[PDB]
Structure formats: structure tokens, C-alpha cells
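One file, final23.csv, is given below (CSV, C-alpha atoms and all ligand atoms).
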```
chain,number,residue,atom,x,y,z
F,1,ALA,CA,31.8,-0.2,3.3
F,2,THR,CA,35.2,1.1,4.6
F,3,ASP,CA,37.1,-2.1,3.5
F,4,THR,CA,40.3,-1.4,1.6
F,5,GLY,CA,42.0,-4.7,2.2
F,6,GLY,CA,44.5,-3.0,4.5
F,7,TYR,CA,45.1,-0.7,7.4
F,8,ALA,CA,43.2,2.3,6.0
F,9,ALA,CA,39.4,2.1,6.6
F,10,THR,CA,37.6,4.7,4.6
F,11,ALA,CA,34.9,5.2,2.0
F,12,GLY,CA,36.3,8.6,1.0
F,13,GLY,CA,33.6,10.8,-0.5
F,14,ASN,CA,31.2,7.9,-0.9
F,15,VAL,CA,29.2,8.6,2.2
F,16,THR,CA,25.8,10.2,3.0
F,17,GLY,CA,25.3,13.7,1.6
F,18,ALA,CA,28.2,13.3,-0.9
F,19,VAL,CA,28.1,15.9,-3.6
F,20,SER,CA,29.2,14.6,-7.0
F,21,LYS,CA,31.1,16.9,-9.3
F,22,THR,CA,33.0,16.5,-12.6
F,23,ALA,CA,36.4,18.1,-12.9
F,24,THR,CA,37.6,18.6,-16.4
F,25,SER,CA,41.0,20.0,-15.5
F,26,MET,CA,43.5,20.4,-12.7
F,27,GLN,CA,42.1,23.8,-12.0
F,28,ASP,CA,38.5,22.5,-11.8
F,29,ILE,CA,39.7,20.1,-9.0
F,30,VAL,CA,41.2,23.0,-7.2
F,31,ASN,CA,38.1,25.2,-7.5
F,32,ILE,CA,35.7,22.3,-6.6
F,33,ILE,CA,37.5,21.6,-3.3
F,34,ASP,CA,37.6,25.3,-2.5
F,35,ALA,CA,33.8,25.5,-3.0
F,36,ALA,CA,33.3,22.4,-0.9
F,37,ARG,CA,34.6,24.4,2.1
F,38,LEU,CA,31.6,26.8,2.1
F,39,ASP,CA,28.4,26.3,4.1
F,40,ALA,CA,24.9,27.5,3.0
F,41,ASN,CA,25.8,31.1,4.0
F,42,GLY,CA,29.1,31.2,2.2
F,43,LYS,CA,31.1,30.9,5.4
F,44,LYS,CA,34.0,28.5,5.6
F,45,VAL,CA,33.7,25.3,7.6
F,46,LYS,CA,36.9,23.7,9.1
F,47,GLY,CA,37.6,20.4,7.5
F,48,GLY,CA,35.2,21.0,4.6
F,49,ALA,CA,31.5,21.7,4.5
F,50,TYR,CA,30.4,18.6,2.6
F,51,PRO,CA,31.7,15.2,1.3
F,52,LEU,CA,33.0,15.1,-2.3
F,53,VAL,CA,33.3,12.6,-5.1
F,54,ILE,CA,35.3,14.3,-7.9
F,55,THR,CA,35.3,12.6,-11.3
F,56,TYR,CA,38.4,13.8,-13.3
F,57,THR,CA,37.7,13.7,-17.0
F,58,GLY,CA,40.8,15.7,-18.1
F,59,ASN,CA,43.5,14.4,-20.4
F,60,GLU,CA,47.1,15.6,-20.4
F,61,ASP,CA,48.5,13.1,-22.8
F,62,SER,CA,50.2,15.9,-24.8
F,63,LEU,CA,52.1,17.0,-21.7
F,64,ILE,CA,53.0,13.4,-20.9
F,65,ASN,CA,54.2,12.5,-24.4
F,66,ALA,CA,56.2,15.7,-24.7
F,67,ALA,CA,57.8,15.0,-21.3
F,68,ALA,CA,58.6,11.3,-22.2
F,69,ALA,CA,60.4,12.5,-25.3
F,70,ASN,CA,62.7,14.8,-23.3
F,71,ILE,CA,62.9,13.4,-19.8
F,72,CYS,CA,65.9,15.5,-18.6
F,73,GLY,CA,63.9,18.7,-19.2
F,74,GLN,CA,61.5,17.9,-16.4
F,75,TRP,CA,63.4,18.3,-13.1
F,76,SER,CA,63.9,22.0,-13.4
F,77,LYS,CA,60.3,22.9,-14.2
F,78,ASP,CA,57.8,24.2,-11.7
F,79,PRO,CA,56.0,21.3,-10.0
F,80,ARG,CA,52.3,20.8,-10.7
F,81,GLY,CA,49.9,19.3,-8.2
F,82,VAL,CA,46.5,19.6,-6.5
F,83,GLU,CA,46.8,20.0,-2.8
F,84,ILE,CA,44.1,18.5,-0.4
F,85,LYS,CA,44.9,20.4,2.7
F,86,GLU,CA,42.9,20.0,6.0
F,87,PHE,CA,39.9,18.4,4.3
F,88,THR,CA,38.4,15.8,6.6
F,89,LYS,CA,34.9,15.6,5.3
F,90,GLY,CA,35.5,12.7,2.9
F,91,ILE,CA,36.8,13.0,-0.6
F,92,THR,CA,37.2,10.6,-3.5
F,93,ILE,CA,39.1,11.6,-6.6
F,94,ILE,CA,38.4,9.2,-9.4
F,95,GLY,CA,39.5,9.4,-12.9
F,96,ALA,CA,37.2,8.6,-15.8
F,97,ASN,CA,38.5,5.9,-18.2
F,98,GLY,CA,40.7,7.7,-20.7
F,99,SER,CA,41.7,10.4,-18.3
F,100,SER,CA,45.3,11.4,-17.6
F,101,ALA,CA,47.3,13.9,-15.5
F,102,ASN,CA,50.7,15.5,-15.7
F,103,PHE,CA,50.1,16.8,-12.2
F,104,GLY,CA,50.3,15.1,-8.7
F,105,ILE,CA,47.9,14.9,-5.8
F,106,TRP,CA,49.4,16.1,-2.5
F,107,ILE,CA,47.4,15.2,0.6
F,108,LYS,CA,48.2,17.1,3.8
F,109,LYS,CA,46.7,17.1,7.3
F,110,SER,CA,43.6,15.5,5.8
F,111,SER,CA,41.9,12.2,6.3
F,112,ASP,CA,39.5,9.9,4.5
F,113,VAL,CA,40.8,10.5,1.0
F,114,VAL,CA,40.5,8.0,-1.8
F,115,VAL,CA,42.4,8.4,-5.1
F,116,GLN,CA,41.3,6.0,-7.8
F,117,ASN,CA,41.8,5.3,-11.5
F,118,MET,CA,44.3,8.1,-12.1
F,119,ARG,CA,46.9,7.7,-14.8
F,120,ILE,CA,49.8,10.0,-13.7
F,121,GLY,CA,53.2,10.3,-15.3
F,122,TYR,CA,56.3,12.2,-16.2
F,123,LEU,CA,55.7,15.0,-13.7
F,124,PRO,CA,57.9,18.1,-13.9
F,125,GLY,CA,59.6,19.5,-10.8
F,126,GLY,CA,61.6,16.5,-9.6
F,127,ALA,CA,64.0,19.0,-7.9
F,128,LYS,CA,61.1,20.7,-6.1
F,129,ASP,CA,59.1,17.7,-4.7
F,130,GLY,CA,57.1,16.9,-7.8
F,131,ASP,CA,55.5,13.8,-6.3
F,132,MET,CA,52.7,11.9,-8.1
F,133,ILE,CA,50.9,11.2,-4.8
F,134,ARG,CA,52.1,12.5,-1.4
F,135,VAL,CA,50.4,11.5,1.8
F,136,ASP,CA,51.5,13.8,4.6
F,137,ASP,CA,50.0,13.7,8.2
F,138,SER,CA,47.0,12.1,6.7
F,139,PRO,CA,45.3,8.8,8.1
F,140,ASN,CA,42.8,6.7,6.4
F,141,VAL,CA,44.0,7.3,2.9
F,142,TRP,CA,43.4,4.8,0.1
F,143,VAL,CA,45.5,5.1,-3.1
F,144,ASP,CA,43.9,2.5,-5.3
F,145,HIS,CA,43.9,1.3,-8.9
F,146,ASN,CA,46.2,4.0,-10.4
F,147,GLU,CA,49.0,4.0,-13.0
F,148,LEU,CA,52.0,6.0,-11.9
F,149,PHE,CA,55.0,6.1,-14.2
F,150,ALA,CA,58.0,8.0,-15.4
F,151,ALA,CA,61.4,6.7,-16.6
F,152,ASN,CA,63.7,4.7,-14.4
F,153,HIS,CA,66.5,7.0,-15.2
F,154,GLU,CA,68.7,9.7,-13.7
F,155,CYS,CA,69.8,12.6,-15.8
F,156,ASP,CA,73.2,13.9,-14.9
F,157,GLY,CA,73.7,17.3,-13.4
F,158,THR,CA,70.5,17.2,-11.4
F,159,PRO,CA,70.5,18.4,-7.8
F,160,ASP,CA,71.8,15.6,-5.5
F,161,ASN,CA,71.8,13.3,-8.6
F,162,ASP,CA,68.5,12.1,-7.4
F,163,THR,CA,65.9,14.7,-8.6
F,164,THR,CA,65.3,13.7,-12.3
F,165,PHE,CA,61.9,12.6,-11.0
F,166,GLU,CA,60.3,12.6,-7.6
F,167,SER,CA,58.3,9.8,-6.1
F,168,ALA,CA,55.2,7.8,-7.0
F,169,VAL,CA,53.7,7.5,-3.5
F,170,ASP,CA,55.6,9.3,-0.7
F,171,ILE,CA,54.1,8.9,2.8
F,172,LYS,CA,55.4,10.8,5.8
F,173,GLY,CA,54.3,12.3,9.1
F,174,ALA,CA,51.2,11.1,11.0
F,175,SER,CA,49.7,9.2,8.1
F,176,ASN,CA,48.9,6.5,10.6
F,177,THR,CA,46.8,4.2,8.4
F,178,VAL,CA,47.3,4.0,4.6
F,179,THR,CA,46.5,1.4,1.9
F,180,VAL,CA,48.2,1.4,-1.4
F,181,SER,CA,46.5,-1.1,-3.6
F,182,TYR,CA,46.1,-2.2,-7.2
F,183,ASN,CA,48.5,0.3,-8.7
F,184,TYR,CA,50.6,-0.2,-11.8
F,185,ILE,CA,53.9,1.5,-11.0
F,186,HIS,CA,56.5,1.5,-13.7
F,187,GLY,CA,59.6,3.4,-14.8
F,188,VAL,CA,60.1,5.0,-11.4
F,189,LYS,CA,63.4,5.5,-9.6
F,190,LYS,CA,62.2,6.3,-6.1
F,191,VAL,CA,58.9,4.7,-5.6
F,192,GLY,CA,57.9,5.8,-2.2
F,193,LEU,CA,58.9,6.7,1.4
F,194,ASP,CA,57.2,5.5,4.5
F,195,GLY,CA,58.7,8.1,6.9
F,196,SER,CA,60.7,11.1,5.7
F,197,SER,CA,63.6,10.8,8.2
F,198,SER,CA,65.1,8.7,10.9
F,199,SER,CA,62.9,10.5,13.4
F,200,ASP,CA,59.7,10.2,11.3
F,201,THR,CA,58.9,6.7,12.4
F,202,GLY,CA,55.7,4.8,12.7
F,203,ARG,CA,52.5,4.4,10.7
F,204,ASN,CA,50.8,1.2,9.6
F,205,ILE,CA,50.8,0.7,5.9
F,206,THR,CA,49.5,-2.0,3.6
F,207,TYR,CA,50.8,-2.5,0.0
F,208,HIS,CA,48.6,-5.0,-1.8
F,209,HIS,CA,48.1,-6.2,-5.4
F,210,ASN,CA,50.5,-3.6,-6.8
F,211,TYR,CA,52.4,-4.4,-10.0
F,212,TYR,CA,55.9,-2.9,-10.0
F,213,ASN,CA,58.0,-3.0,-13.1
F,214,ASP,CA,61.3,-1.2,-13.8
F,215,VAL,CA,61.6,0.5,-10.5
F,216,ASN,CA,64.9,1.2,-8.8
F,217,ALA,CA,64.1,1.5,-5.1
F,218,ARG,CA,61.9,2.3,-2.1
F,219,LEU,CA,59.1,-0.3,-2.1
F,220,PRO,CA,58.9,1.3,0.4
F,221,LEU,CA,61.8,2.7,2.3
F,222,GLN,CA,60.2,2.0,5.7
F,223,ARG,CA,61.1,3.9,8.8
F,224,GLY,CA,59.7,2.1,11.8
F,225,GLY,CA,56.0,1.2,12.1
F,226,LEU,CA,54.4,-1.8,10.4
F,227,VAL,CA,54.1,-2.6,6.7
F,228,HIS,CA,52.1,-5.4,5.3
F,229,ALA,CA,53.0,-6.3,1.7
F,230,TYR,CA,50.9,-9.0,0.2
F,231,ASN,CA,50.0,-10.1,-3.3
F,232,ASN,CA,52.4,-7.7,-5.1
F,233,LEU,CA,54.2,-8.5,-8.3
F,234,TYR,CA,57.7,-7.1,-8.2
F,235,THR,CA,59.7,-7.4,-11.5
F,236,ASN,CA,62.8,-5.7,-12.7
F,237,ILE,CA,63.8,-4.0,-9.5
F,238,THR,CA,67.1,-2.4,-10.3
F,239,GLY,CA,68.3,-1.2,-6.9
F,240,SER,CA,66.6,-2.6,-3.8
F,241,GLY,CA,63.0,-3.5,-2.8
F,242,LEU,CA,61.6,-3.2,0.7
F,243,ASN,CA,64.1,-1.5,2.8
F,244,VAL,CA,63.0,-2.0,6.4
F,245,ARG,CA,64.6,0.5,8.6
F,246,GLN,CA,64.6,2.1,12.1
F,247,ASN,CA,63.3,-1.1,13.7
F,248,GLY,CA,60.3,-1.3,11.4
F,249,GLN,CA,58.5,-4.7,11.1
F,250,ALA,CA,57.2,-6.1,7.8
F,251,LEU,CA,55.0,-9.0,6.9
F,252,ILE,CA,55.9,-10.0,3.4
F,253,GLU,CA,53.4,-12.5,2.2
F,254,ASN,CA,52.3,-14.3,-1.0
F,255,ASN,CA,54.2,-11.9,-3.4
F,256,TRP,CA,55.9,-12.7,-6.6
F,257,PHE,CA,59.5,-11.5,-6.9
F,258,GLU,CA,61.4,-11.7,-10.2
F,259,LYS,CA,64.5,-10.2,-11.7
F,260,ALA,CA,65.2,-8.2,-8.6
F,261,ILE,CA,68.4,-6.9,-6.9
F,262,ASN,CA,68.1,-6.8,-3.1
F,263,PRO,CA,64.3,-7.4,-3.0
F,264,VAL,CA,64.2,-7.4,0.8
F,265,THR,CA,67.0,-5.6,2.8
F,266,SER,CA,67.9,-3.2,5.6
F,267,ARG,CA,70.6,-0.8,4.6
F,268,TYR,CA,71.9,2.8,4.5
F,269,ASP,CA,71.7,3.5,8.2
F,270,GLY,CA,74.3,1.0,9.5
F,271,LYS,CA,72.1,0.3,12.5
F,272,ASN,CA,68.6,-0.3,14.0
F,273,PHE,CA,67.8,-2.9,11.4
F,274,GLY,CA,64.2,-3.7,10.8
F,275,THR,CA,62.7,-7.2,10.7
F,276,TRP,CA,60.6,-9.2,8.2
F,277,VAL,CA,58.3,-12.2,8.4
F,278,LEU,CA,58.5,-14.0,5.1
F,279,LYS,CA,55.5,-16.2,4.2
F,280,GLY,CA,54.2,-17.8,1.0
F,281,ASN,CA,56.1,-15.9,-1.7
F,282,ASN,CA,57.3,-17.5,-4.9
F,283,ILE,CA,60.7,-17.5,-3.2
F,284,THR,CA,60.8,-20.0,-0.3
F,285,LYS,CA,64.5,-20.7,0.0
F,286,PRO,CA,67.8,-19.4,-1.3
F,287,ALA,CA,67.8,-22.1,-4.1
F,288,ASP,CA,65.0,-20.1,-5.7
F,289,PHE,CA,67.2,-17.1,-6.1
F,290,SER,CA,68.7,-18.4,-9.4
F,291,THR,CA,65.3,-19.6,-10.5
F,292,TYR,CA,63.8,-16.1,-10.4
F,293,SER,CA,67.0,-14.0,-10.9
F,294,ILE,CA,67.3,-12.6,-7.4
F,295,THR,CA,70.6,-10.8,-6.9
F,296,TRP,CA,72.2,-9.4,-3.7
F,297,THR,CA,74.8,-6.8,-3.1
F,298,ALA,CA,76.6,-5.5,0.0
F,299,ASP,CA,76.7,-1.9,1.2
F,300,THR,CA,79.4,0.3,2.5
F,301,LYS,CA,77.8,0.4,6.0
F,302,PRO,CA,76.5,-2.5,8.1
F,303,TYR,CA,73.3,-3.9,6.4
F,304,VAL,CA,71.1,-7.0,6.6
F,305,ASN,CA,69.9,-8.8,3.4
F,306,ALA,CA,67.2,-11.5,3.3
F,307,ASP,CA,69.7,-13.8,1.5
F,308,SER,CA,68.9,-16.7,3.9
F,309,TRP,CA,65.2,-16.0,3.1
F,310,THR,CA,64.3,-16.6,6.7
F,311,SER,CA,62.1,-14.5,9.0
F,312,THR,CA,64.2,-12.2,11.2
F,313,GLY,CA,61.5,-11.1,13.6
F,314,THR,CA,57.8,-11.1,14.3
F,315,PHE,CA,54.6,-9.3,13.2
F,316,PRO,CA,51.5,-8.3,15.1
F,317,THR,CA,48.2,-9.9,14.3
F,318,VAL,CA,46.9,-8.0,11.2
F,319,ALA,CA,44.0,-5.8,12.2
F,320,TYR,CA,41.9,-6.4,9.1
F,321,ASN,CA,40.3,-9.0,6.9
F,322,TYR,CA,42.0,-10.0,3.7
F,323,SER,CA,42.3,-13.1,1.6
F,324,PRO,CA,45.5,-13.3,-0.4
F,325,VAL,CA,45.5,-15.4,-3.6
F,326,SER,CA,48.6,-17.5,-4.2
F,327,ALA,CA,51.9,-16.0,-5.5
F,328,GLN,CA,51.4,-17.9,-8.7
F,329,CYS,CA,48.0,-16.4,-9.3
F,330,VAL,CA,49.4,-13.0,-8.7
F,331,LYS,CA,52.1,-13.6,-11.3
F,332,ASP,CA,49.5,-14.9,-13.8
F,333,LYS,CA,46.5,-12.6,-13.2
F,334,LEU,CA,47.6,-9.4,-11.5
F,335,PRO,CA,48.5,-7.4,-14.6
F,336,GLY,CA,44.8,-7.5,-15.6
F,337,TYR,CA,43.5,-6.1,-12.3
F,338,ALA,CA,46.1,-3.5,-11.5
F,339,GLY,CA,46.0,0.0,-13.0
F,340,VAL,CA,43.4,2.2,-14.7
F,341,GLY,CA,40.4,1.1,-16.8
F,342,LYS,CA,40.0,-2.3,-15.0
F,343,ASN,CA,36.8,-0.9,-13.5
F,344,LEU,CA,38.5,-1.2,-10.1
F,345,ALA,CA,38.4,-5.0,-10.4
F,346,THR,CA,39.9,-7.1,-7.6
F,347,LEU,CA,41.8,-10.4,-7.7
F,348,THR,CA,39.9,-13.2,-5.9
F,349,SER,CA,40.6,-16.9,-5.5
F,350,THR,CA,37.8,-17.5,-7.9
F,351,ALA,CA,39.6,-15.8,-10.7
F,352,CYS,CA,42.8,-17.9,-10.1
F,401,CA,CA,58.7,13.6,-2.3
```

What would you get if you wrote out this structure as C-alpha cells?
Ligand SMILES: [Ca+2]
Amino acid sequence: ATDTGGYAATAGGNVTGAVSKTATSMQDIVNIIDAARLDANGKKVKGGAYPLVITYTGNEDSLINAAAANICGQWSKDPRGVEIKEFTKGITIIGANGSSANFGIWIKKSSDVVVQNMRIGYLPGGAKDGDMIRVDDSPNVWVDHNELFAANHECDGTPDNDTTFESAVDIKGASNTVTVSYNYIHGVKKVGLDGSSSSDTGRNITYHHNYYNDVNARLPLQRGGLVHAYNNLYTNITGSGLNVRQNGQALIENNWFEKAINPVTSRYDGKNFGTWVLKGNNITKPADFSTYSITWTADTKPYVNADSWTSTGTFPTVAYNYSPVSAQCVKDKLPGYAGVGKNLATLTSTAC
């Protein structure tokens, strides 16, 4: 139906009248979307003329491998990405098994977009917003079962010493409902925003069943709104995890944290700290910090860490249906369900 296991409720291009097309390259995707705006008389229709299900069969392993072998050469290149602008008819971009992209997907002022089974990595243009997936002013977006990766590393001499690579999943603007699920995100410094600035507050986002490994920060960097993070596996977090800011509220439930510095915090603003409701994670009390290698650091400005591992606020009744498996099951089974080529498999109690 329109069940994503989170705030976003969409079927994307899988609706009545959907037109199935095969994209063999980045350019095909661009041309296919362009043609999907035309009605029977060749006239443009605002929002798109018909629903789409694009199956990407392209492979850019050569670009990815070359980039991996010389990471510091990526930031200064031109960014590469497909833009889904003002397309509200319903669109699903699914990669075929074995497919890969050295380009991102930038969604803007659209809605009902599903991006699945895409293996995206080592994108050029970190200094010019070379995001892997960007969700801007776009509600009902479901980013599911993808592998987004780069190298958790900052080359020196890059603009703002932060542009070696851009983000995995940046969300900003009026992207009111978004679900980010079953993604394998690794080797990424700035995972993803949830609000581009202090003023860009709001949105209701669900992060579930994601496997993060070797990521520095922003899981997400939340500015206001609501975030529901459940059944995620967070390992090797080298900077900070969920950074709840501008009075945002987060429900952090049944996740597995391990080898993480500041997994749950509120820093960098010095005020308007966000709150969290901790429930059912592998960590239940401070005594578990040493067990799972959780480390905490202070910050130059006033901050709040979850070092007491107690809930600091409340969370509204979650608007959707979902059934979280235990944190232990996440730890044991998630790596086989998250990512590409899993045939979009989901983790159920049964499989625990
Ligand atoms: Ca970005």
C-alpha cells in the first residue's frame, strides 16, 4: 500500500497507470522524467503527466573505483546528479541488482518519490553540494534499501575543511514526512541534515533499520520537528550521532549502539536543546557504556549529552504502524536486510 514503516506514506510510481521504463544511464533517467511531463498532445502537464517506475540498470563501478583510489580529487569536480523537480505524479527509482551510480538524486519541490536499491558512492563535487540523496521541500519521500558510501575522511585544503564529500541523505525545507529505511551507509563524514539552518525547523522523519558504519556525524543533525529512530545499527561513529537541536524531539527506540562517540547529544548551538525519549536500546544505563564502547566528549559551548541515558522529554504518539524487533536481533540480523540486492527484504520478529 503506502506503508513505509514511518512518517512517509507513499507508493511512489507504483500506482494505477504507472509507466515502466528502463534507464541504462544517468542521462536516460533525465530524459525519461522529461518525457513523463508530456501529455498525449505533447503539451506539458504541471507535476508530471503520468506516474513512473524507473529501473536503473547502469553501472559506474569504474568511476567509483577510480574515485576511491584518489579521494582528495573528488571535491573540486563538477557535481553529478539527477534532479526530480516539481514532479508530483508518483515516481519510483529502483536500481537493478548489480547497478551502481557515481551520481546523486536530488529531489526538489516534489512529493511521492521512492528511491530503492541504489548503490551510490564516492560522488564528485563535495564543495558544490554533491549530495547522494537530497530531499528538499518534498513530503512523502521514501529512501529505502540503498547503499550510500564514500570515505570517512577529510582531505586538507578543502573549502571550510568540510567539503571532501557531501552528504548521504540531506533533508531540508518543507519535506514534512520522510522515511529513511534499510540503507547501508558507510564511510561517510556528514550523513545527513534534517533542517538546513536554525530557522529551517520542523518535519517528521523516521529512520529505521539503517546500518551505519564508519560515519562521523549527523545521524541526523535535527533542527526541530520529530524524529523517530528505531531498529538502527550504529557502529563506529567517530564524531557524534543524533544531534537533536532547536527544540526537536526524538524517540530513540530499540537500536543497537556500539563503538560510538556522543551517540545521542545536543551541541553546537549552545541553547534550545532538543529532547529524547530513550526506549529499548542495547544501552539501558550508563554501566553499558563501557560494555559497548560508548564515549562522550564536551563542547566549547553549552551542550547536553545523554550520558545519564535517561529520557529528557516526551514524544507524541507515533502516527503509524510499526513493529520493532529487539536491539539484539538488529545487531544479529540487520546487515543481511539493509542495502542493495536483498530484494528489499524486511526484518520481522519471525526472522529473529
Ligand atoms: Ca548537501

- Message: Could you check the closest approach to residue 201 of chain F for each of F:114, F:19, F:174, F:11 and tell me which residue wins, using only C-alpha atoms?
- Response: F:174

- Go through F:263, F:280, F:104, F:341 and flag the residue nearest ligand CA 401 (chain F), using only C-alpha atoms and all ligand atoms for the distances.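 Under the stated criterion, the closest residue is F:104.
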
- Separation of atom CA of residue 1 of chain F from atom CA of residue 352 of chain F in Å: 24.8 Å

- Task: Could you check which of F:167, F:14, F:140, F:177 is closest to residue 105 of chain F, using only C-alpha atoms?
- Result: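 Comparing F:167, F:14, F:140, F:177 against residue 105 of chain F, the winner is F:167.
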
- Item | Contacts of ligand CA 401 (chain F), 6 Å or closer, only C-alpha atoms and all ligand atoms, given as a PyMOL selection string | chain F and resi 129+131+166-167+170

- Task: Rounded to one decimal place, report the atom CA of residue 109 of chain F-atom CA of residue 138 of chain F distance in Å.
- Result: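 Atom CA of residue 138 of chain F lies at a distance of 5.0 Å from atom CA of residue 109 of chain F.
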
- Note on the structure: Restricting to all atoms listed in the file, whichever of F:300, F:328, F:110, F:102 is closest to residue 255 of chain F is F:328

- Query: If we count all atoms listed in the file, what is near residue 320 of chain F at a cut-off of 8 Å, once residues fewer than 2 positions away on the same chain are taken out, given as a PyMOL selection string?
  - Reply: chain F and resi 5-7+318+322

Can you pull out every residue within 8 Å of residue 150 of chain F, counting only C-alpha atoms, but drop anything in the same chain fewer than 6 positions away, and send it as an mmCIF file with C-alpha atoms, keeping the file's coordinate frame?
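Listing of part07.cif after writing:
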```
data_model
loop_
_atom_site.group_PDB
_atom_site.id
_atom_site.type_symbol
_atom_site.label_atom_id
_atom_site.label_comp_id
_atom_site.auth_asym_id
_atom_site.auth_seq_id
_atom_site.Cartn_x
_atom_site.Cartn_y
_atom_site.Cartn_z
ATOM 1 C CA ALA F 68 58.600 11.300 -22.200
ATOM 2 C CA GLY F 121 53.200 10.300 -15.300
ATOM 3 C CA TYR F 122 56.300 12.200 -16.200
ATOM 4 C CA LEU F 123 55.700 15.000 -13.700
ATOM 5 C CA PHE F 165 61.900 12.600 -11.000
ATOM 6 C CA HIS F 186 56.500 1.500 -13.700
ATOM 7 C CA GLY F 187 59.600 3.400 -14.800
ATOM 8 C CA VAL F 188 60.100 5.000 -11.400
#
```

- Within 9 Å of (65.0, 6.4, -11.2), in the coordinates the file gives, what residues turn up when you count all atoms listed in the file, written out as number ranges by chain? F: 150-154, 162-166, 187-191, 214-217

- Query: Excluding same-chain residues fewer than 6 positions from residue 335 of chain F, what lies within 9 Å of it counting only C-alpha atoms, as number ranges by chain?
  - Reply: F: 184, 210-211, 233

- Taking all atoms listed in the file into account, which of F:36, F:141, F:344, F:45 comes nearest residue 175 of chain F? F:141

- Item | Point (36.7, 20.5, 11.5) neighbourhood (10 Å, all atoms listed in the file) written as an MDAnalysis selection string | chainID F and resid 45:49 86:89
